[PDB]
>>> print(open('target-v1.pdb').read())   # PDB, C-alpha atoms and all ligand atoms
ATOM      1  CA  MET A   1       1.070  -4.284 -29.246
ATOM      2  CA  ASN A   2       0.219  -7.214 -26.951
ATOM      3  CA  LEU A   3       2.872  -6.393 -24.352
ATOM      4  CA  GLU A   4       0.877  -3.285 -23.411
ATOM      5  CA  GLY A   5      -2.144  -5.282 -22.276
ATOM      6  CA  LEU A   6       0.282  -7.708 -20.622
ATOM      7  CA  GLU A   7       2.510  -5.225 -18.801
ATOM      8  CA  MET A   8      -0.863  -4.071 -17.535
ATOM      9  CA  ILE A   9      -1.791  -7.356 -15.918
ATOM     10  CA  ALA A  10       1.652  -7.437 -14.285
ATOM     11  CA  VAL A  11       0.966  -3.894 -13.203
ATOM     12  CA  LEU A  12      -2.459  -4.713 -11.745
ATOM     13  CA  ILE A  13      -0.846  -7.494  -9.646
ATOM     14  CA  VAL A  14       1.673  -5.024  -8.219
ATOM     15  CA  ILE A  15      -1.290  -2.978  -6.916
ATOM     16  CA  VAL A  16      -3.125  -5.943  -5.394
ATOM     17  CA  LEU A  17       0.100  -6.922  -3.623
ATOM     18  CA  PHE A  18       0.615  -3.258  -2.652
ATOM     19  CA  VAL A  19      -2.728  -3.201  -0.882
ATOM     20  CA  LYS A  20      -2.295  -6.641   0.729
ATOM     21  CA  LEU A  21       1.009  -5.489   2.191
ATOM     22  CA  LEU A  22      -0.173  -2.035   3.134
ATOM     23  CA  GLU A  23      -3.001  -3.755   5.015
ATOM     24  CA  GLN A  24      -0.482  -6.172   6.506
ATOM     25  CA  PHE A  25       1.372  -3.127   7.783
ATOM     26  CA  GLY A  26      -1.677  -1.720   9.523
ATOM     27  CA  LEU A  27      -1.360   1.286   7.293
ATOM     28  CA  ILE A  28      -4.854   0.331   6.102
ATOM     29  CA  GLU A  29      -7.720  -7.034  11.533
ATOM     30  CA  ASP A  30      -5.420  -8.166   8.719
ATOM     31  CA  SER A  31      -2.354  -6.861  10.517
ATOM     32  CA  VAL A  32       0.651  -9.176  10.837
ATOM     33  CA  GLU A  33       0.885  -8.128  14.464
ATOM     34  CA  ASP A  34      -2.859  -8.796  14.890
ATOM     35  CA  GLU A  35      -2.293 -12.117  13.229
ATOM     36  CA  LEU A  36       0.559 -12.751  15.655
ATOM     37  CA  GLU A  37      -1.276 -11.845  18.834
ATOM     38  CA  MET A  38      -4.171 -14.089  17.794
ATOM     39  CA  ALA A  39      -1.959 -17.114  18.506
ATOM     40  CA  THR A  40      -1.536 -18.650  21.967
ATOM     41  CA  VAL A  41       0.950 -20.230  24.352
ATOM     42  CA  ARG A  42       3.511 -22.725  23.047
ATOM     43  CA  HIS A  43       2.556 -21.492  19.576
ATOM     44  CA  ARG A  44       3.622 -17.837  19.444
ATOM     45  CA  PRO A  45       7.050 -18.867  18.101
ATOM     46  CA  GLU A  46       5.457 -21.314  15.676
ATOM     47  CA  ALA A  47       3.207 -18.493  14.431
ATOM     48  CA  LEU A  48       6.111 -16.073  14.083
ATOM     49  CA  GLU A  49       7.695 -18.692  11.817
ATOM     50  CA  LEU A  50       4.572 -19.009   9.581
ATOM     51  CA  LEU A  51       4.149 -15.275   9.295
ATOM     52  CA  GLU A  52       7.798 -15.029   8.277
ATOM     53  CA  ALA A  53       7.585 -17.788   5.663
ATOM     54  CA  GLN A  54       4.537 -16.278   3.978
ATOM     55  CA  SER A  55       5.962 -12.769   4.092
ATOM     56  CA  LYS A  56       9.026 -14.267   2.382
ATOM     57  CA  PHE A  57       6.976 -15.548  -0.547
ATOM     58  CA  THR A  58       5.551 -12.089  -0.858
ATOM     59  CA  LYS A  59       9.083 -10.645  -0.850
ATOM     60  CA  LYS A  60       9.903 -13.050  -3.711
ATOM     61  CA  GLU A  61       6.873 -12.107  -5.775
ATOM     62  CA  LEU A  62       7.969  -8.511  -5.412
ATOM     63  CA  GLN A  63      11.525  -9.480  -6.342
ATOM     64  CA  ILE A  64      10.342 -11.256  -9.457
ATOM     65  CA  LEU A  65       7.829  -8.502 -10.302
ATOM     66  CA  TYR A  66      10.639  -6.060  -9.608
ATOM     67  CA  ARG A  67      13.364  -7.565 -11.788
ATOM     68  CA  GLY A  68      10.568  -7.858 -14.319
ATOM     69  CA  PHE A  69       9.337  -4.299 -14.723
ATOM     70  CA  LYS A  70      13.004  -3.269 -14.359
ATOM     71  CA  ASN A  71      15.223  -4.926 -16.966
ATOM     72  CA  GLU A  72      12.240  -5.515 -19.231
ATOM     73  CA  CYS A  73      10.528  -2.126 -19.702
ATOM     74  CA  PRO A  74      11.918   0.639 -17.422
ATOM     75  CA  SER A  75      10.970   3.493 -19.781
ATOM     76  CA  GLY A  76       7.559   4.947 -18.949
ATOM     77  CA  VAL A  77       4.139   5.805 -20.361
ATOM     78  CA  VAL A  78       1.653   3.684 -18.385
ATOM     79  CA  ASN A  79      -1.737   5.200 -19.211
ATOM     80  CA  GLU A  80      -4.225   5.439 -16.360
ATOM     81  CA  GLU A  81      -6.977   4.884 -18.947
ATOM     82  CA  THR A  82      -6.304   1.308 -20.103
ATOM     83  CA  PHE A  83      -5.350   0.572 -16.491
ATOM     84  CA  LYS A  84      -8.754   1.661 -15.160
ATOM     85  CA  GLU A  85     -10.281  -0.649 -17.780
ATOM     86  CA  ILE A  86      -8.488  -3.663 -16.318
ATOM     87  CA  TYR A  87      -9.084  -2.664 -12.705
ATOM     88  CA  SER A  88     -12.833  -2.784 -13.411
ATOM     89  CA  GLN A  89     -12.887  -6.195 -15.099
ATOM     90  CA  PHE A  90     -11.491  -7.692 -11.884
ATOM     91  CA  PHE A  91     -12.440  -5.246  -9.130
ATOM     92  CA  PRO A  92     -15.818  -3.923 -10.322
ATOM     93  CA  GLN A  93     -18.153  -2.917  -7.507
ATOM     94  CA  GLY A  94     -19.089   0.762  -7.660
ATOM     95  CA  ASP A  95     -17.356   3.891  -9.025
ATOM     96  CA  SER A  96     -14.505   1.463  -9.753
ATOM     97  CA  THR A  97     -13.013   3.858 -12.320
ATOM     98  CA  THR A  98     -12.232   6.503  -9.737
ATOM     99  CA  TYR A  99     -10.664   4.088  -7.247
ATOM    100  CA  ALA A 100      -8.352   2.667  -9.878
ATOM    101  CA  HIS A 101      -7.388   6.234 -10.647
ATOM    102  CA  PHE A 102      -6.563   7.118  -7.077
ATOM    103  CA  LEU A 103      -4.886   3.763  -6.490
ATOM    104  CA  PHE A 104      -2.966   4.181  -9.739
ATOM    105  CA  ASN A 105      -1.872   7.799  -9.275
ATOM    106  CA  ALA A 106      -0.395   6.741  -5.931
ATOM    107  CA  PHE A 107       2.812   5.657  -7.715
ATOM    108  CA  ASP A 108       3.281   9.314  -8.635
ATOM    109  CA  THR A 109       5.710  10.316  -5.861
ATOM    110  CA  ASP A 110       6.952  13.478  -7.566
ATOM    111  CA  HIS A 111       3.459  14.447  -8.802
ATOM    112  CA  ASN A 112       5.027  14.422 -12.276
ATOM    113  CA  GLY A 113       1.471  14.204 -13.582
ATOM    114  CA  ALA A 114       0.852  10.568 -14.507
ATOM    115  CA  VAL A 115       2.650   7.268 -13.794
ATOM    116  CA  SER A 116       5.692   5.609 -15.369
ATOM    117  CA  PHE A 117       7.172   2.117 -15.307
ATOM    118  CA  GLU A 118       9.926   3.857 -13.372
ATOM    119  CA  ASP A 119       7.456   4.823 -10.649
ATOM    120  CA  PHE A 120       6.544   1.162 -10.240
ATOM    121  CA  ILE A 121      10.190   0.098 -10.455
ATOM    122  CA  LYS A 122      10.763   2.573  -7.634
ATOM    123  CA  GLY A 123       7.642   1.887  -5.623
ATOM    124  CA  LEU A 124       8.295  -1.811  -5.935
ATOM    125  CA  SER A 125      11.881  -1.254  -4.832
ATOM    126  CA  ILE A 126      10.745   0.717  -1.757
ATOM    127  CA  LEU A 127       8.730  -2.169  -0.309
ATOM    128  CA  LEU A 128      11.319  -4.640  -1.486
ATOM    129  CA  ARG A 129      14.280  -3.021   0.243
ATOM    130  CA  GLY A 130      13.665   0.556   1.335
ATOM    131  CA  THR A 131      13.232   1.462   4.996
ATOM    132  CA  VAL A 132      10.085   1.783   7.086
ATOM    133  CA  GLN A 133      10.513   5.514   6.535
ATOM    134  CA  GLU A 134      10.440   5.281   2.760
ATOM    135  CA  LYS A 135       7.529   2.866   3.079
ATOM    136  CA  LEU A 136       5.551   5.195   5.281
ATOM    137  CA  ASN A 137       6.401   7.989   2.830
ATOM    138  CA  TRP A 138       4.945   5.932  -0.017
ATOM    139  CA  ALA A 139       1.869   4.984   2.031
ATOM    140  CA  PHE A 140       1.295   8.649   2.745
ATOM    141  CA  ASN A 141       1.088   9.656  -0.947
ATOM    142  CA  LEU A 142      -1.563   6.984  -1.255
ATOM    143  CA  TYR A 143      -3.771   8.877   1.209
ATOM    144  CA  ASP A 144      -2.660  12.304  -0.049
ATOM    145  CA  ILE A 145      -4.912  11.804  -3.114
ATOM    146  CA  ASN A 146      -5.095  15.371  -4.448
ATOM    147  CA  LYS A 147      -1.396  15.449  -3.667
ATOM    148  CA  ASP A 148      -1.333  18.844  -1.894
ATOM    149  CA  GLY A 149       0.965  17.394   0.758
ATOM    150  CA  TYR A 150      -1.790  16.918   3.372
ATOM    151  CA  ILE A 151      -4.448  14.344   4.221
ATOM    152  CA  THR A 152      -8.100  15.226   4.783
ATOM    153  CA  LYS A 153     -10.322  12.891   6.792
ATOM    154  CA  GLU A 154     -12.327  12.639   3.566
ATOM    155  CA  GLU A 155      -9.367  11.718   1.348
ATOM    156  CA  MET A 156      -8.703   8.965   3.853
ATOM    157  CA  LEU A 157     -12.375   8.012   3.890
ATOM    158  CA  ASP A 158     -12.384   7.789   0.102
ATOM    159  CA  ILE A 159      -9.440   5.382   0.015
ATOM    160  CA  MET A 160     -11.132   3.365   2.731
ATOM    161  CA  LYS A 161     -14.131   2.887   0.431
ATOM    162  CA  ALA A 162     -11.850   2.392  -2.577
ATOM    163  CA  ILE A 163     -10.689  -0.710  -0.696
ATOM    164  CA  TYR A 164     -13.813  -2.226   0.857
ATOM    165  CA  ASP A 165     -15.102  -2.284  -2.676
ATOM    166  CA  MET A 166     -11.906  -3.706  -4.164
ATOM    167  CA  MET A 167     -12.008  -6.639  -1.712
ATOM    168  CA  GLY A 168     -15.554  -7.601  -0.761
ATOM    169  CA  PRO A 169     -17.153   0.721   6.339
ATOM    170  CA  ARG A 170     -16.788   4.481   6.873
ATOM    171  CA  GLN A 171     -16.674   5.207  10.608
ATOM    172  CA  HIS A 172     -13.253   3.563  11.043
ATOM    173  CA  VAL A 173     -11.703   6.417   9.082
ATOM    174  CA  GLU A 174     -12.447   8.832  11.938
ATOM    175  CA  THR A 175     -10.662   6.814  14.626
ATOM    176  CA  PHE A 176      -7.730   6.110  12.301
ATOM    177  CA  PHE A 177      -7.473   9.721  11.158
ATOM    178  CA  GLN A 178      -7.620  10.839  14.786
ATOM    179  CA  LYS A 179      -4.471   8.792  15.397
ATOM    180  CA  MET A 180      -2.640  10.647  12.632
ATOM    181  CA  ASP A 181      -4.193  14.099  13.162
ATOM    182  CA  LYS A 182      -2.228  15.162  16.253
ATOM    183  CA  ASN A 183      -2.703  18.957  16.285
ATOM    184  CA  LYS A 184      -6.372  18.049  15.717
ATOM    185  CA  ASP A 185      -7.156  20.456  12.880
ATOM    186  CA  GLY A 186      -8.428  18.327  10.010
ATOM    187  CA  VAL A 187      -5.202  17.824   8.083
ATOM    188  CA  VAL A 188      -2.223  15.472   8.507
ATOM    189  CA  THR A 189       1.318  16.285   7.293
ATOM    190  CA  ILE A 190       3.937  13.704   6.362
ATOM    191  CA  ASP A 191       5.854  14.369   9.574
ATOM    192  CA  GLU A 192       2.622  13.967  11.546
ATOM    193  CA  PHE A 193       1.950  10.737   9.656
ATOM    194  CA  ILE A 194       5.258   8.991  10.319
ATOM    195  CA  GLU A 195       5.301  10.117  13.952
ATOM    196  CA  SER A 196       1.977   8.460  14.765
ATOM    197  CA  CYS A 197       2.855   5.239  12.935
ATOM    198  CA  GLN A 198       6.344   5.132  14.461
ATOM    199  CA  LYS A 199       4.928   5.555  17.932
ATOM    200  CA  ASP A 200       2.243   2.950  17.154
ATOM    201  CA  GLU A 201       3.490  -0.375  18.485
ATOM    202  CA  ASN A 202       1.271  -2.369  16.071
ATOM    203  CA  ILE A 203       2.154  -0.698  12.761
ATOM    204  CA  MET A 204       5.775  -0.822  13.907
ATOM    205  CA  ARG A 205       6.115  -4.433  15.017
ATOM    206  CA  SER A 206       4.331  -5.335  11.799
ATOM    207  CA  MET A 207       6.491  -3.365   9.394
ATOM    208  CA  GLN A 208       9.499  -4.531  11.421
ATOM    209  CA  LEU A 209       8.799  -8.218  10.833
ATOM    210  CA  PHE A 210       8.304  -7.702   7.115
ATOM    211  CA  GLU A 211      11.587  -5.999   6.257
ATOM    212  CA  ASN A 212      13.956  -8.433   7.945
ATOM    213  CA  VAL A 213      12.807 -11.409   5.918
ATOM    214  CA  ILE A 214      15.123 -11.062   2.871
TER
HETATM  215 CA    CA A 301      -4.298  15.712   0.587
HETATM  216 CA    CA A 302      -2.697  18.198  11.714
END
>>> encode(input="target-v1.pdb", output="C-alpha cells")
Amino acid sequence: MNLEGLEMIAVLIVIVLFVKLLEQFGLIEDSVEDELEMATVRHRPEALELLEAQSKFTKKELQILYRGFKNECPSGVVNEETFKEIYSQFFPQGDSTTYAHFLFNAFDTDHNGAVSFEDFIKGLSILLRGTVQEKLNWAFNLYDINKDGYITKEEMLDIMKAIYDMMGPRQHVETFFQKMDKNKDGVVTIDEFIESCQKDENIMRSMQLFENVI
C-alpha cells in the first residue's frame, strides 16, 4: 500500500547519497582530496578534521538507511517503473526516465534482471563497510550500463550526462576514459578499471579517508 511509495523515497535518497559519495571518491572538483588540497598552511589538519566529520555523518545516514532497508523489508521486488516516476518529480531535466533507469539498474550486480531490496541492502553495505575494491567493483557496474562486462566511452559519456542533469559537460568523459582505457582500444575491463583508480593518487587518498571514519 503506502509503504511502497515510501520505501521508494528512502530508495531515492540512497541513490542521491550514492552519487554524492561516488563523486566524493573521484569516481565521477567535488573530490574529498580536491577539497583537501584547496586548504592552506596551518589549516590542512583543520580541514582534514572537517572532511572527516562530514564524511562521518554520511556514514551514519548510510548506517541508518542500511539498518532500515535491512530489518524492515529485505525481500525484493523494487520496480524500476514507479522508481523512474519519483526520480523525475525531483530530478527532472531531460530524458530523466532513462537516467533513472541506468542509475537504478546499477544496483543489479549479478545482472539478475531487475533490482531487489537485497541489492540495495548489499550496495549500501558495500559503501558502509566493504573495501575500496568492492567499492570500485560497484562503481564499475554503474558505468557498465548494458552490463556486458566492459565500458564504452559512450556508456561513460551517458552517465556523465545522466548526472549533470540530475544536479544542475561531455568532453571530460574522453580524458577520464583515457585514464581507464589503458590498452587504448575503446573498452575498459574491471581489472583495467581498478588498476587505474588504484594507481591514481587522488581517487585513492579520497576513498582512503572515507573508509576509516567508522
Ligand atoms: Ca559496457
Ligand atoms: Ca581496454
>>> residues_near_ligand(input="target-v1.pdb", ligand="ligand CA 301 (chain A)", cutoff="12 Å", atoms="only C-alpha atoms and all ligand atoms", output="ChimeraX atom specification")
/A:102,106,140-159,186-190
>>> atom_distance(input="target-v1.pdb", atom1="CA of residue 162 in chain A", atom2="CA of residue 99 in chain A")
5.1 Å
>>> resolve_selection(input="target-v1.pdb", expression="the PyMOL selection byres (((chain A and resi 27) around 9) and not hetatm)", output="short mmCIF file (atom, residue, chain, number, x, y, z; two decimals) with C-alpha atoms, keeping the file's coordinate frame")
data_model
loop_
_atom_site.label_atom_id
_atom_site.label_comp_id
_atom_site.auth_asym_id
_atom_site.auth_seq_id
_atom_site.Cartn_x
_atom_site.Cartn_y
_atom_site.Cartn_z
CA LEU A 21 1.01 -5.49 2.19
CA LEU A 22 -0.17 -2.04 3.13
CA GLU A 23 -3.00 -3.76 5.01
CA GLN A 24 -0.48 -6.17 6.51
CA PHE A 25 1.37 -3.13 7.78
CA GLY A 26 -1.68 -1.72 9.52
CA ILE A 28 -4.85 0.33 6.10
CA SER A 31 -2.35 -6.86 10.52
CA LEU A 136 5.55 5.20 5.28
CA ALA A 139 1.87 4.98 2.03
CA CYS A 197 2.86 5.24 12.94
CA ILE A 203 2.15 -0.70 12.76
#
>>> closest_residue(input="target-v1.pdb", among="A:42, A:20, A:161, A:184", to="ligand CA 302 (chain A)", atoms="all atoms listed in the file")
A:184
>>> atom_distance(input="target-v1.pdb", atom1="CA of residue 19 in chain A", atom2="CA of residue 46 in chain A")
25.9 Å
>>> atom_distance(input="target-v1.pdb", atom1="CA of residue 65 in chain A", atom2="CA of residue 125 in chain A")
9.9 Å
>>> residues_around(input="target-v1.pdb", residues="residue 211 in chain A", least_positions_apart="3", cutoff="12 Å", atoms="all atoms listed in the file", output="list in words")
residues 21, 25, 52, 55, 56, 58, 59, 126, 127, 128, 129, 130, 131, 132, 133, 134, 135, 204, 205, 206, 207, 208 and 214 of chain A
>>> resolve_selection(input="target-v1.pdb", expression="the PyMOL selection byres (((chain A and resi 7) around 12) and not hetatm)", output="number ranges by chain")
A: 1-6, 8-14, 65, 68-70, 72-74, 76-79, 82-83, 86, 116-117, 120
>>> closest_residue(input="target-v1.pdb", among="A:210, A:138, A:57, A:18", to="residue 110 in chain A", atoms="all atoms listed in the file")
A:138
>>> resolve_selection(input="target-v1.pdb", expression="the PyMOL selection byres (((chain A and resi 97) around 8) and not hetatm)", output="list in words")
residues 84, 85, 87, 88, 95, 96, 98, 99, 100 and 101 of chain A
>>> closest_residue(input="target-v1.pdb", among="A:115, A:213, A:166, A:180", to="ligand CA 302 (chain A)", atoms="all atoms listed in the file")
A:180
>>> closest_residue(input="target-v1.pdb", among="A:47, A:163, A:41, A:32", to="residue 15 in chain A", atoms="all atoms listed in the file")
A:163
>>> decode(input="target-v1.pdb", residues="range 169-200 of chain A", atoms="N, CA and C atoms", output="PDB file, in the first residue's frame")
ATOM      1  N   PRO A 169      30.969  18.766 -19.318  1.00  0.00           N
ATOM      2  CA  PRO A 169      29.632  18.635 -19.954  1.00  0.00           C
ATOM      3  C   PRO A 169      29.530  17.433 -20.897  1.00  0.00           C
ATOM      4  N   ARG A 170      30.661  17.058 -21.489  1.00  0.00           N
ATOM      5  CA  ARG A 170      30.720  15.936 -22.421  1.00  0.00           C
ATOM      6  C   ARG A 170      32.166  15.584 -22.759  1.00  0.00           C
ATOM      7  N   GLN A 171      33.002  16.606 -22.908  1.00  0.00           N
ATOM      8  CA  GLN A 171      34.406  16.408 -23.244  1.00  0.00           C
ATOM      9  C   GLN A 171      35.249  15.801 -22.119  1.00  0.00           C
ATOM     10  N   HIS A 172      34.801  15.949 -20.875  1.00  0.00           N
ATOM     11  CA  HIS A 172      35.541  15.402 -19.737  1.00  0.00           C
ATOM     12  C   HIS A 172      35.592  13.886 -19.809  1.00  0.00           C
ATOM     13  N   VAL A 173      34.534  13.290 -20.349  1.00  0.00           N
ATOM     14  CA  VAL A 173      34.456  11.842 -20.476  1.00  0.00           C
ATOM     15  C   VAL A 173      35.700  11.293 -21.163  1.00  0.00           C
ATOM     16  N   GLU A 174      36.104  11.913 -22.270  1.00  0.00           N
ATOM     17  CA  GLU A 174      37.286  11.465 -23.004  1.00  0.00           C
ATOM     18  C   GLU A 174      38.502  11.342 -22.098  1.00  0.00           C
ATOM     19  N   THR A 175      38.913  12.447 -21.490  1.00  0.00           N
ATOM     20  CA  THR A 175      40.077  12.438 -20.608  1.00  0.00           C
ATOM     21  C   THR A 175      39.975  11.460 -19.440  1.00  0.00           C
ATOM     22  N   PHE A 176      38.764  11.255 -18.933  1.00  0.00           N
ATOM     23  CA  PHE A 176      38.566  10.328 -17.822  1.00  0.00           C
ATOM     24  C   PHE A 176      38.647   8.886 -18.329  1.00  0.00           C
ATOM     25  N   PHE A 177      38.019   8.648 -19.474  1.00  0.00           N
ATOM     26  CA  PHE A 177      38.007   7.331 -20.084  1.00  0.00           C
ATOM     27  C   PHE A 177      39.425   6.953 -20.480  1.00  0.00           C
ATOM     28  N   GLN A 178      40.198   7.938 -20.934  1.00  0.00           N
ATOM     29  CA  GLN A 178      41.570   7.675 -21.357  1.00  0.00           C
ATOM     30  C   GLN A 178      42.424   7.210 -20.185  1.00  0.00           C
ATOM     31  N   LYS A 179      42.024   7.590 -18.972  1.00  0.00           N
ATOM     32  CA  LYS A 179      42.747   7.178 -17.772  1.00  0.00           C
ATOM     33  C   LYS A 179      42.494   5.694 -17.534  1.00  0.00           C
ATOM     34  N   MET A 180      41.241   5.286 -17.712  1.00  0.00           N
ATOM     35  CA  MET A 180      40.844   3.899 -17.523  1.00  0.00           C
ATOM     36  C   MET A 180      41.270   3.019 -18.695  1.00  0.00           C
ATOM     37  N   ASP A 181      41.008   3.465 -19.923  1.00  0.00           N
ATOM     38  CA  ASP A 181      41.368   2.685 -21.109  1.00  0.00           C
ATOM     39  C   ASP A 181      42.873   2.658 -21.335  1.00  0.00           C
ATOM     40  N   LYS A 182      43.537   1.683 -20.717  1.00  0.00           N
ATOM     41  CA  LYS A 182      44.986   1.515 -20.814  1.00  0.00           C
ATOM     42  C   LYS A 182      45.412   1.050 -22.207  1.00  0.00           C
ATOM     43  N   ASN A 183      45.047  -0.187 -22.546  1.00  0.00           N
ATOM     44  CA  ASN A 183      45.372  -0.793 -23.839  1.00  0.00           C
ATOM     45  C   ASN A 183      44.799   0.002 -25.018  1.00  0.00           C
ATOM     46  N   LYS A 184      44.289   1.192 -24.714  1.00  0.00           N
ATOM     47  CA  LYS A 184      43.716   2.109 -25.695  1.00  0.00           C
ATOM     48  C   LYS A 184      43.010   1.435 -26.863  1.00  0.00           C
ATOM     49  N   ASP A 185      41.854   0.832 -26.604  1.00  0.00           N
ATOM     50  CA  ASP A 185      41.104   0.161 -27.655  1.00  0.00           C
ATOM     51  C   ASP A 185      39.641   0.576 -27.737  1.00  0.00           C
ATOM     52  N   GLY A 186      39.136   1.243 -26.705  1.00  0.00           N
ATOM     53  CA  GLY A 186      37.750   1.673 -26.734  1.00  0.00           C
ATOM     54  C   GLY A 186      36.872   1.003 -25.698  1.00  0.00           C
ATOM     55  N   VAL A 187      37.448   0.045 -24.976  1.00  0.00           N
ATOM     56  CA  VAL A 187      36.724  -0.660 -23.927  1.00  0.00           C
ATOM     57  C   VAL A 187      37.593  -0.816 -22.681  1.00  0.00           C
ATOM     58  N   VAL A 188      36.955  -0.759 -21.512  1.00  0.00           N
ATOM     59  CA  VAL A 188      37.638  -0.885 -20.225  1.00  0.00           C
ATOM     60  C   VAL A 188      37.082  -2.083 -19.435  1.00  0.00           C
ATOM     61  N   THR A 189      37.967  -2.970 -18.984  1.00  0.00           N
ATOM     62  CA  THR A 189      37.546  -4.139 -18.207  1.00  0.00           C
ATOM     63  C   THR A 189      37.680  -3.833 -16.725  1.00  0.00           C
ATOM     64  N   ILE A 190      36.976  -4.591 -15.888  1.00  0.00           N
ATOM     65  CA  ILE A 190      37.040  -4.347 -14.453  1.00  0.00           C
ATOM     66  C   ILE A 190      38.491  -4.216 -13.994  1.00  0.00           C
ATOM     67  N   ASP A 191      39.306  -5.215 -14.305  1.00  0.00           N
ATOM     68  CA  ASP A 191      40.710  -5.176 -13.921  1.00  0.00           C
ATOM     69  C   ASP A 191      41.315  -3.837 -14.340  1.00  0.00           C
ATOM     70  N   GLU A 192      41.135  -3.466 -15.603  1.00  0.00           N
ATOM     71  CA  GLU A 192      41.662  -2.198 -16.095  1.00  0.00           C
ATOM     72  C   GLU A 192      41.176  -1.034 -15.243  1.00  0.00           C
ATOM     73  N   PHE A 193      39.892  -1.077 -14.892  1.00  0.00           N
ATOM     74  CA  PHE A 193      39.263  -0.045 -14.077  1.00  0.00           C
ATOM     75  C   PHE A 193      39.985   0.123 -12.752  1.00  0.00           C
ATOM     76  N   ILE A 194      39.955  -0.919 -11.919  1.00  0.00           N
ATOM     77  CA  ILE A 194      40.572  -0.841 -10.601  1.00  0.00           C
ATOM     78  C   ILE A 194      42.069  -0.601 -10.592  1.00  0.00           C
ATOM     79  N   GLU A 195      42.753  -0.857 -11.704  1.00  0.00           N
ATOM     80  CA  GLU A 195      44.193  -0.627 -11.747  1.00  0.00           C
ATOM     81  C   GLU A 195      44.481   0.859 -11.912  1.00  0.00           C
ATOM     82  N   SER A 196      43.686   1.526 -12.743  1.00  0.00           N
ATOM     83  CA  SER A 196      43.854   2.955 -12.974  1.00  0.00           C
ATOM     84  C   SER A 196      43.505   3.737 -11.716  1.00  0.00           C
ATOM     85  N   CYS A 197      42.367   3.416 -11.109  1.00  0.00           N
ATOM     86  CA  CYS A 197      41.936   4.091  -9.888  1.00  0.00           C
ATOM     87  C   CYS A 197      42.908   3.861  -8.737  1.00  0.00           C
ATOM     88  N   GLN A 198      43.402   2.629  -8.613  1.00  0.00           N
ATOM     89  CA  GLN A 198      44.327   2.282  -7.537  1.00  0.00           C
ATOM     90  C   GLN A 198      45.665   2.959  -7.701  1.00  0.00           C
ATOM     91  N   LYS A 199      46.039   3.236  -8.942  1.00  0.00           N
ATOM     92  CA  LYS A 199      47.306   3.905  -9.185  1.00  0.00           C
ATOM     93  C   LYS A 199      47.082   5.413  -9.292  1.00  0.00           C
ATOM     94  N   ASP A 200      45.843   5.850  -9.078  1.00  0.00           N
ATOM     95  CA  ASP A 200      45.503   7.272  -9.130  1.00  0.00           C
ATOM     96  C   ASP A 200      45.510   7.791  -7.706  1.00  0.00           C
TER      97      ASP A 200
END
